[PDB]
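*Asks:* Input: one structure, supplied below.
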Amino acid sequence: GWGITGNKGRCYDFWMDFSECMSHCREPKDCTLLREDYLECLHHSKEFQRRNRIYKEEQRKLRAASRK
Amino acid sequence: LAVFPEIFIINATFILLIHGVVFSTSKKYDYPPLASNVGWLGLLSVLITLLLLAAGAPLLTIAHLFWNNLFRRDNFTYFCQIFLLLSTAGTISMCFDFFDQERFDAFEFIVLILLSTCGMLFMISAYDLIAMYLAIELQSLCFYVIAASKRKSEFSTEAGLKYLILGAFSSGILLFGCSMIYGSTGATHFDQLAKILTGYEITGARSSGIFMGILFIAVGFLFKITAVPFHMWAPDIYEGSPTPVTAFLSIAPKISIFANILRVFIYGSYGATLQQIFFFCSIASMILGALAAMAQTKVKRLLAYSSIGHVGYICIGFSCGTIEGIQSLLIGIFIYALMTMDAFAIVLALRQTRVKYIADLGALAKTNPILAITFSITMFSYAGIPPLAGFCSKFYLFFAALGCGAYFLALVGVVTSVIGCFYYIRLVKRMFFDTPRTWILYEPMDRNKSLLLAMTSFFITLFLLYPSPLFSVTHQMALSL
Amino acid sequence: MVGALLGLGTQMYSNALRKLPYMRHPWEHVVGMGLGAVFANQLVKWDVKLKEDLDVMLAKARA
Amino acid sequence: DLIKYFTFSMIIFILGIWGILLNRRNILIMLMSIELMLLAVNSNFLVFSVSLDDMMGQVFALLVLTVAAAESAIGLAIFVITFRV
Amino acid sequence: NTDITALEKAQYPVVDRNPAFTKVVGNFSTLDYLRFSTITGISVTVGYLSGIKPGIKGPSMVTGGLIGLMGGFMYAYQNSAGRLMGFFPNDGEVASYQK
Amino acid sequence: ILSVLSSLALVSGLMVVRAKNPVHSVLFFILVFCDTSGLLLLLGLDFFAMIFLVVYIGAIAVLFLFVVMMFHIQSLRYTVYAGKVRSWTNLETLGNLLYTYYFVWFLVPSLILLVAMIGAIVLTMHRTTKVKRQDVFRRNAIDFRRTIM
Amino acid sequence: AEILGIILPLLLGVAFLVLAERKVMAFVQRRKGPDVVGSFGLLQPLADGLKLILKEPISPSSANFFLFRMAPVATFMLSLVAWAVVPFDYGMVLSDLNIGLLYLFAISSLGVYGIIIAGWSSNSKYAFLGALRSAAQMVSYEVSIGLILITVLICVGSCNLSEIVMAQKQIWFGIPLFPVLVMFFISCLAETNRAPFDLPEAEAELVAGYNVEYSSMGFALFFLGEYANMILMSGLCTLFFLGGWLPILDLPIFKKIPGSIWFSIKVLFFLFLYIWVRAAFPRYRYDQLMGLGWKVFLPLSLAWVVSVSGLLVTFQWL
Amino acid sequence: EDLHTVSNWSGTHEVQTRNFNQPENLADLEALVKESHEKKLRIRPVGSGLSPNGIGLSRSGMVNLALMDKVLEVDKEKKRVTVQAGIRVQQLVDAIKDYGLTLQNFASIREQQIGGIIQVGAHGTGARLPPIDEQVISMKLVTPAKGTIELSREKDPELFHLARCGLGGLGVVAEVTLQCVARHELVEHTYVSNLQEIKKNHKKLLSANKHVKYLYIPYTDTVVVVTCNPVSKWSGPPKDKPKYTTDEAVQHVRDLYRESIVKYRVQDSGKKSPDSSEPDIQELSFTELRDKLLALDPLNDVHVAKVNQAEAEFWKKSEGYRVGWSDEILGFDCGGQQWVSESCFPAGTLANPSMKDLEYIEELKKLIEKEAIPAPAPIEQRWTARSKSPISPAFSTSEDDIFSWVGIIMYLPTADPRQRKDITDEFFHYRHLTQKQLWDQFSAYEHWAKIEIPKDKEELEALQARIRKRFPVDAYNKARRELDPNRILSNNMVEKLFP
């Protein structure tokens, strides 16, 4: 898991957790908590979906104030 | 260590390549026709590779560095890799005669075949998307050159251009899929990919990025094996090129792709999408082939369509998830390969005849009567007539399919076998009963081509008496994945 | 063995395409094929031993 | 912003496959679109390697560079041979 | 880093895990030297015999011998290594119990 | 504003697939590569920008230009000051991998470049050397020499 | 910006290099070169210029103005933009690129376009094939310059040109790799055309070998381009191999050690070597020339990458 | 029993949980044992390491027990569970409960394998309750080279006792058969009482239930005490046609080892009374308090003493008692491992007149109070019966006796880790709670799971000779050499104990 500037990459740490937890893991479903955390580091989708709602609720108040 | 069997063929190719160029560019040797001297030496290079790979089969997995970051060699790969070299050598054995008749000074053409085998050996053991794509690229690139070998005749070169574009697109489509698969996985290794994709189930668990890649990777593979969804100009490639080059692409790339297909999809991907697409392709390929066998007239094209129909029967084994079905696919690949080599060799037996129709191929009852019976055996093997080895493989494919529950897919295969059998009895009728078409008299071939027929035709008939060894070998490979 | 009988048949009807008549000095190579049958049967005992292991290895890996 | 640098590459790839489908008549545009889609997957690997902060993307992008270049070499050489003398 | 640790390893008693070259080649049994010798022959004989047609009998024999040397030597090395390491029959443990 | 100027690459890619004049096709090809290298610069992948330049618009679209000219068709960041003490230039952090860890995926592109050399030779030698410049070839004893015309 | 302070002095450098070549190559032939126009011909470049500017066109032909009226602009812009990364003294490079060298390689790979386009827009089969031959030569001695730079790069840490000239504080790479300097010079001679290697530049075949519509501006811009490309490719034999701006380091009392003056002295040596070696040697015929870039300067360049990599790997000198 | 799924359609996806290292086939494991017996390499079964004594050595070859854990056989007619030693005690008790039978005594921690617990002085709370070591009817020991020989308590009582007391050094138990008692219901009690009051009430608790467990926390007069009472069959309402509703008072479903993960839901539902014993937590506020108790040692933590009283009051606010099946209700040690080392006084029948049960409890509790260095984690005190010959048929005859087990627990992970480990080991060795300075005359039996005479570096003589002087393990030492000549099944702490 090397990176653009190396430094161990960024999500190798999450992959390390997903892989350590994928040793004799009962099922991927059981360890999916680390895989989703690993995917979240890779694409930042979880932050984005929250950012969209934080933007939307703030936008919804601003849009409601603007429409009056 | 652990790459020595692949290293030898690459070294053997380099040593033959240097030998051919230095010798061919020799005033002292009068610029001699190296091909056929590169041959025999090329056939033993494959045979030495076959021994080295077999000898080190326990030693193949020498170190983690090779398996984890480059290529992983396993018991399934070893059994198929042995078959891949034997298939390649068998094709070279019939091809030697073609080299003799042709003014073949193309020493490089043999080096391309050995380089293709090295790419194919790396393809079977490739355990990373990068490795699989790079290995596929080398095996196809060597194949693209062999298609365009007869430069003076545009028919081979134009056929090469369609093969080249189809090859470039198939490699390119597979590459785009790797990019999308890489984006979600964060790693290119099949082993790391399997951990992320284990039980992904695009319906059960959301996986938009992985599926986007999987769609492209699967589509690219189909173009390579001439699957009917992407058959495109691939049947055209078979008839346009001369019979011997056509034979080489007919079996060895296809076997390498099918073995690569089982490893890349069954182990790495677990969604309910991969099995169904093969199930649709299998029905279509057999339907296209059965319609084509009646529709197509040229003997060379008919063989390609019969091979495409057989490819659909092979696809059913992957389509049914059962390991017994994957084993049945392997029984089919071996029988199809032996028959495909045998079929090309019988056409190669009538080397004297220039491009000619089936009716011209008829009248072999009076002259070469034993060859006429041999031609009947080859058509029967794809037909599915019960005594021949092909039916026993098809019955295992069908018995597995019924156990897998693929009644609709199994029925069309029986129906397509029925559609094929009628044309085959008509072709058998054409050989002896009717349509002699001028009592044409044929010519002899090399002993190797006769032995390719002898060792195969006897075995095809002998399969009934002792069919246990092949069934045992096939299941072991499927279980290993 | 049965394989030697097989390598006599395969050597004959071969070159029949060449219409070469009957058999010649290289044709009597059924000792070599006899060896192939012995190895094929031997491979199957090893393959069957491994085939049982493949089922058991799958079960050991399954746990 | 990764979507902007990917969906743009995705539709460059779509342009490549589109030109493949349309231009089955002319082959030089076929090869143009081949190298186009082998860029839109190459630039895709580079973008996805900067995003994921992973170096496998750039290793694979370099190898695709020096493989698509050999592919273009053999492609154009086959195209020149196709226009025989 | 690298490590010779193997999958399906040590099925027979190991003699020297990760044998150094110049030792695994100094372990050539009179069968290995007989495998490295028959491969080089079948590769010189084919190499000379293939070259009867183009007039290159000598140099094609030499290049067939080069191929045979490389291949048969890597095969003898495979054998003596899977023997020194625990991979092959490995009846040459007397060489360790004696020395 | 140069960020969104990838629209230039986007439209030039639409040109190459919708152009009958091949000079415009290759020109907008070169343009697509120049804008893709601009993009790869904005991402900081400096090595890949120059490699795109070199091995695309100094070799490959050179090839394509040849095929046209001849053979006409008609705030909140938290910069972690660790890992910045030794900034690895992109070449160094590609070489730390490609030649030691993933070196077989680098010796296989070696074989692909070798196959490209062998291919460009066997294809486009064009009977201009020992491929056919060996000789016309003639044999006197078989030759009729006026016995048979 | 300050790009004027690197293009205008370079324009004057090229204009005075035409005179420096005529004058040095004349002194070689036992004759004073341009000597009446200026005090010592110093105004002769301005005379050549102001003449070419005041020469009426042979045909206006301003219609075809996007095809080959911007192709000399492209060649010249490339020859001038490869000067950014060239450092004249410590911290005098206009833009210190951490991949500077590869950027020079790319600029050459685009100069190939410059030549090919400016030759194709000349609708003269002989002149177009001449431009294609010149491009194939400029690009065949680019694999050799590439490998020579890989040698001088193995010796250095990074591609940063300021580092390649800072990596020579101990010894210039001209002293250990002298055989390489001879190969870089004999390649920079051949990459550019101005050399024993200029059959496409055989006195007549050059003028009728770049364009059909001259109008004078095209003639001057090609020669201004060839002379800037020459100042550049001589400003590379002095960064890589000679110490870019480094003295001999004896630290004299008479010499206050200016940097850019040392870079200037060395690039003058290599320009004088360009001239001297144009005077004293016959042309190579472009059929032995291409057989010298492949069969002579590629094997002897590959060997050098393996020699300077080996001898630096065994003894940990890297 | 089956595995937890295989996506590959094959074994290539592996599930094993504990013992991730991977265990070979039983024949293959025996072949590895034969290979060591012929390589002379020490081999031990994979060890969790929760026990301070190192039954499994990382240096020694480790054998995966996942297949042994997966395969379990229980016979209802014989009331015997025949299972490999690899299976954990919690899985084994659950299987016995599924068959309608219960185990009379239980191990301290569910995670440890039952076979390993039998090796480490297996015992359970109860003066009248027989120890697990006497509750095992049969055992199978690996034969040094290839194969195993089946044995039973009746067939080889002395050999079975020697192997069980050997900690697995004498032999490794391939398969162990445990007698299963008729199902009975245990009601768990969690409450906090004064140490002086609880020592005075120890006789009353022993009379009331016959099983006594005391946890001692330093700097607090009140020490948490947990007790289990076996209810009579069909107590209160008699059994009737409804299986659960009528018998709900007599037997009710209860959570067993519910807090597998330390993090717990902070939401309040149902009774919603927060406790640190039966549930990890029932309220958000008591979860923050528990985190503070973990962070600060009790001596510096005022809240922990208040929390202990509050949790006892919360239990009174919540259901007065919780009734569950004996297998269902038991005391489980926390997953986190904290080093425990101490010796256990034996309440022998001859010694009972000389020292009273109240006197034994008072002296041990006073000694724990007198300890110069306090141990932050609670100290568990429990009583087990002798290995009576009637409980499991044996040729050897054993006089009825009782034992008192005391273990001193200190926090293994701490700031500047292992500095405390050194001082506590010195405290165990020479302070008021001393294994050899004052307890050598007492001949108190150290628990096998605990480390013996710590630090082992400070004294190795006691393990080799003083333990042989304290108890007749001299026959076991000769048996250890006799049972394994190669000594492939060798543990370094067992080597000190038995040469």
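Order determines the names: the first chain of the structure tokens is A, the second B, and so forth; residues in each chain are numbered 1 upward, and ligands are numbered 1 upward as they are shown.
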I'd like the contact shell of residue 86 in chain G - 8 Å cut-off, only C-alpha atoms, skipping same-chain residues fewer than 6 positions apart - returned as number ranges by chain.

*Replies:* G: 93-94, 161, 235-236, 239

*Asks:* Write out as a PyMOL selection string the residues lying within 7 Å of range 164-169 of chain B, counting only C-alpha atoms and excluding same-chain residues fewer than 2 positions away.

*Replies:* chain B and resi 140+144+160-162+171-173+224

*Asks:* Would you export the selected residues with N, CA and C atoms as a JSON list (two decimals), in the first residue's frame, please?

*Replies:*
[["chain", "number", "residue", "atom", "x", "y", "z"],
["B", 140, "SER", "N", -1.82, -12.31, -27.09],
["B", 140, "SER", "CA", -2.58, -11.80, -28.25],
["B", 140, "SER", "C", -1.63, -11.12, -29.23],
["B", 144, "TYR", "N", -1.36, -11.70, -33.03],
["B", 144, "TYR", "CA", -1.75, -10.72, -34.08],
["B", 144, "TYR", "C", -0.74, -10.86, -35.22],
["B", 160, "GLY", "N", -5.90, -10.14, -40.33],
["B", 160, "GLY", "CA", -5.11, -9.73, -39.15],
["B", 160, "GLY", "C", -5.60, -8.41, -38.60],
["B", 161, "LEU", "N", -5.92, -7.45, -39.47],
["B", 161, "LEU", "CA", -6.35, -6.11, -39.00],
["B", 161, "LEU", "C", -7.65, -6.24, -38.21],
["B", 162, "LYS", "N", -8.61, -7.03, -38.71],
["B", 162, "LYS", "CA", -9.86, -7.25, -37.93],
["B", 162, "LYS", "C", -9.53, -7.98, -36.63],
["B", 171, "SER", "N", -8.61, -6.29, -25.23],
["B", 171, "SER", "CA", -7.62, -5.95, -24.19],
["B", 171, "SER", "C", -7.99, -4.60, -23.57],
["B", 172, "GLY", "N", -8.37, -3.62, -24.41],
["B", 172, "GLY", "CA", -8.71, -2.28, -23.91],
["B", 172, "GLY", "C", -9.93, -2.30, -23.01],
["B", 173, "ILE", "N", -10.96, -3.06, -23.41],
["B", 173, "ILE", "CA", -12.20, -3.14, -22.59],
["B", 173, "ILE", "C", -11.84, -3.77, -21.25],
["B", 224, "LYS", "N", -12.21, -12.24, -26.60],
["B", 224, "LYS", "CA", -11.01, -13.10, -26.79],
["B", 224, "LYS", "C", -11.40, -14.54, -27.13]]

*Asks:* Set the distance at 8 Å and use only C-alpha atoms: which residues neighbour residue 7 in chain E once local chain neighbours fewer than 5 positions away are removed? I'd like the list as a VMD selection string.

*Replies:* chain B and resid 61 to 63

*Asks:* Go ahead and save the picked residues with C-alpha atoms, as a compact mmCIF listing (two decimals), in the first residue's frame.

*Replies:*
# COMPACT_ATOMS: atom_id res chain seq x y z
CA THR B 61 5.05 -22.07 -5.03
CA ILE B 62 8.63 -21.29 -3.88
CA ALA B 63 8.14 -17.81 -2.37

*Asks:* Could you please write out, as an MDAnalysis selection string, every residue of range 58-102 of chain H that DSSP assigns to helix (DSSP H, G or I)?

*Replies:* chainID H and resid 66:70 89:98

*Asks:* Store the residues of this selection in a file with C-alpha atoms, as a PDB file, in the first residue's frame.

*Replies:*
ATOM      1  CA  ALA H  66     -10.499 -24.960  15.116  1.00  0.00           C
ATOM      2  CA  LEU H  67     -11.594 -28.420  13.797  1.00  0.00           C
ATOM      3  CA  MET H  68     -11.574 -29.733  17.413  1.00  0.00           C
ATOM      4  CA  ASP H  69     -13.793 -26.748  18.421  1.00  0.00           C
ATOM      5  CA  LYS H  70     -16.098 -27.320  15.378  1.00  0.00           C
ATOM      6  CA  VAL H  89     -15.753 -24.432  27.732  1.00  0.00           C
ATOM      7  CA  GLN H  90     -18.609 -22.002  26.821  1.00  0.00           C
ATOM      8  CA  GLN H  91     -19.307 -23.858  23.526  1.00  0.00           C
ATOM      9  CA  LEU H  92     -19.090 -27.228  25.374  1.00  0.00           C
ATOM     10  CA  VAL H  93     -21.537 -26.159  28.172  1.00  0.00           C
ATOM     11  CA  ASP H  94     -23.983 -24.767  25.543  1.00  0.00           C
ATOM     12  CA  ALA H  95     -23.912 -28.161  23.731  1.00  0.00           C
ATOM     13  CA  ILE H  96     -24.601 -29.981  27.064  1.00  0.00           C
ATOM     14  CA  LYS H  97     -27.502 -27.520  27.740  1.00  0.00           C
ATOM     15  CA  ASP H  98     -28.890 -28.259  24.218  1.00  0.00           C
TER      16      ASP H  98
END

*Asks:* Could you list, as an mmCIF file with N, CA and C atoms, in the first residue's frame, every residue within 10 Å of residue 31 in chain E, counting only C-alpha atoms and ignoring same-chain residues fewer than 5 positions away?

*Replies:*
data_model
loop_
_atom_site.group_PDB
_atom_site.id
_atom_site.type_symbol
_atom_site.label_atom_id
_atom_site.label_comp_id
_atom_site.auth_asym_id
_atom_site.auth_seq_id
_atom_site.Cartn_x
_atom_site.Cartn_y
_atom_site.Cartn_z
ATOM 1 N N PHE E 36 20.646 -33.738 -16.585
ATOM 2 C CA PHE E 36 21.281 -32.631 -17.284
ATOM 3 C C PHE E 36 22.070 -33.101 -18.497
ATOM 4 N N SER E 37 22.399 -34.391 -18.575
ATOM 5 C CA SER E 37 23.135 -34.913 -19.717
ATOM 6 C C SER E 37 22.228 -35.448 -20.813
ATOM 7 N N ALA E 76 18.169 -30.056 -13.491
ATOM 8 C CA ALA E 76 18.998 -30.652 -12.455
ATOM 9 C C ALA E 76 19.011 -29.789 -11.206
ATOM 10 N N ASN E 79 15.751 -30.307 -9.358
ATOM 11 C CA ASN E 79 15.756 -31.583 -8.660
ATOM 12 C C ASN E 79 16.624 -31.525 -7.413
ATOM 13 N N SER E 80 17.878 -31.096 -7.556
ATOM 14 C CA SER E 80 18.763 -31.053 -6.402
ATOM 15 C C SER E 80 18.311 -30.041 -5.360
#

*Asks:* Do you know which residues are at most 7 Å from residue 64 in chain F counting only C-alpha atoms, after dropping those on the same chain fewer than 4 positions away, and could you put them as an NGL selection string?

*Replies:* :F and (26 or 60 or 68)

*Asks:* Dump C-alpha atoms for the selected residues as an mmCIF file, in the first residue's frame?

*Replies:*
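The result, stored in result08.cif:
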data_model
loop_
_atom_site.group_PDB
_atom_site.id
_atom_site.type_symbol
_atom_site.label_atom_id
_atom_site.label_comp_id
_atom_site.auth_asym_id
_atom_site.auth_seq_id
_atom_site.Cartn_x
_atom_site.Cartn_y
_atom_site.Cartn_z
ATOM 1 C CA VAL F 26 -4.564 13.955 -35.692
ATOM 2 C CA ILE F 60 2.712 7.951 -31.146
ATOM 3 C CA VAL F 68 -1.902 10.954 -42.391
#

*Asks:* So what do you get for CA of residue 235 in chain B versus CA of residue 304 in chain B, distance-wise?

*Replies:*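 So the two atoms, CA of residue 235 in chain B and CA of residue 304 in chain B, lie 6.3 Å apart.
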
*Asks:* Return as a list in words the residues belonging to chain B that are within 9 Å of chain C, counting only C-alpha atoms.

*Replies:* residues 349, 368, 369, 370, 371, 442, 443, 444, 445, 446, 447, 449, 450, 451, 453, 454, 455, 457, 458, 468, 469, 472, 473, 475, 476, 479 and 480 of chain B

*Asks:* Go ahead and dump the residues you just picked, C-alpha atoms, as an mmCIF file, in the first residue's frame.

*Replies:*
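The result, stored in again_24.cif:
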data_model
loop_
_atom_site.group_PDB
_atom_site.id
_atom_site.type_symbol
_atom_site.label_atom_id
_atom_site.label_comp_id
_atom_site.auth_asym_id
_atom_site.auth_seq_id
_atom_site.Cartn_x
_atom_site.Cartn_y
_atom_site.Cartn_z
ATOM 1 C CA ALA B 349 -4.586 -33.945 -44.619
ATOM 2 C CA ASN B 368 -8.316 -42.853 -48.653
ATOM 3 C CA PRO B 369 -11.314 -44.868 -47.265
ATOM 4 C CA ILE B 370 -9.708 -44.990 -43.766
ATOM 5 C CA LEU B 371 -9.347 -41.153 -43.814
ATOM 6 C CA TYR B 442 -6.061 -36.690 -52.281
ATOM 7 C CA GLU B 443 -2.354 -36.512 -51.223
ATOM 8 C CA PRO B 444 -0.264 -37.855 -48.213
ATOM 9 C CA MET B 445 0.756 -35.853 -45.092
ATOM 10 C CA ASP B 446 3.602 -36.079 -42.528
ATOM 11 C CA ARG B 447 3.570 -38.959 -39.976
ATOM 12 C CA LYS B 449 -0.251 -35.269 -38.678
ATOM 13 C CA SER B 450 -1.318 -38.945 -39.161
ATOM 14 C CA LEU B 451 -0.308 -39.678 -35.516
ATOM 15 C CA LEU B 453 -5.254 -38.326 -35.965
ATOM 16 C CA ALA B 454 -4.133 -41.803 -34.784
ATOM 17 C CA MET B 455 -3.493 -40.872 -31.100
ATOM 18 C CA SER B 457 -9.233 -40.905 -33.138
ATOM 19 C CA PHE B 458 -8.358 -44.138 -31.288
ATOM 20 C CA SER B 468 -12.194 -42.854 -15.609
ATOM 21 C CA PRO B 469 -8.774 -41.058 -15.860
ATOM 22 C CA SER B 472 -10.635 -37.792 -12.257
ATOM 23 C CA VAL B 473 -8.124 -35.260 -13.688
ATOM 24 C CA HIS B 475 -12.443 -32.518 -11.034
ATOM 25 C CA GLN B 476 -9.077 -32.156 -9.267
ATOM 26 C CA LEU B 479 -11.531 -28.195 -6.735
ATOM 27 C CA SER B 480 -8.064 -26.551 -6.634
#

*Asks:* May I have the residues of chain B within 9 Å of chain F, counting only C-alpha atoms, written as an MDAnalysis selection string?

*Replies:* chainID B and resid 10 24:27 30:32 65:66 69:71 105:106 108:109 112 115 130:131 134:135 137:138 141:142 145 148:149 151

*Asks:* State, in Å with one decimal place, the distance from CA of residue 53 in chain B to CA of residue 244 in chain B.

*Replies:* 26.6 Å

*Asks:* Which residue gives the smallest distance to residue 276 in chain H among H:165, H:329, H:192, H:299, with only C-alpha atoms counted?

*Replies:* H:192
